[PDB]
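Numbered according to the authors' numbering, the sequence shown spans residues 1 to 100. Using N, Cα and C, we set each Cβ at its ideal position, and we do this for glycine too. Here is the structure we will look at.
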Amino acid sequence: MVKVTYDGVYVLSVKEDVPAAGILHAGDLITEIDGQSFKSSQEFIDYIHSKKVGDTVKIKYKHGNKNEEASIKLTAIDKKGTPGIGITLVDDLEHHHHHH
């Protein structure tokens, strides 16, 4: 009955000039954040977007074989002042365009 999971989200790149610098690195896999979830990797984008700038977050990720945990202060990345660090996650390249 042990439904152990093993499918996080891969990082495409890390801009070495953001709060994430020195904490997160490319190739790292995030497992959970603030215990909040809704589906897959997209679930995370919802959390960082559901909060506000100046807030705080707790990321659960493992670099290699060791489990590490770090928290970073939210900052504005996009023109719309969306809370979140400056990184890009992987989710099957493809054309990614349902309609919009």
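- The stretch 67-76 makes contact with the stretch 51-59, as at least three CB pairs between them are under 8 Å.
- For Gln42, no pairing in a beta bridge is given by DSSP.
- When only Cα atoms are considered, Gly86 and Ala20 end up about 8 Å apart.
- When C-beta atoms of the stretch 82-98 are compared with those of the stretch 7-15, three or more pairs fall below 8 Å, so the two segments count as touching.
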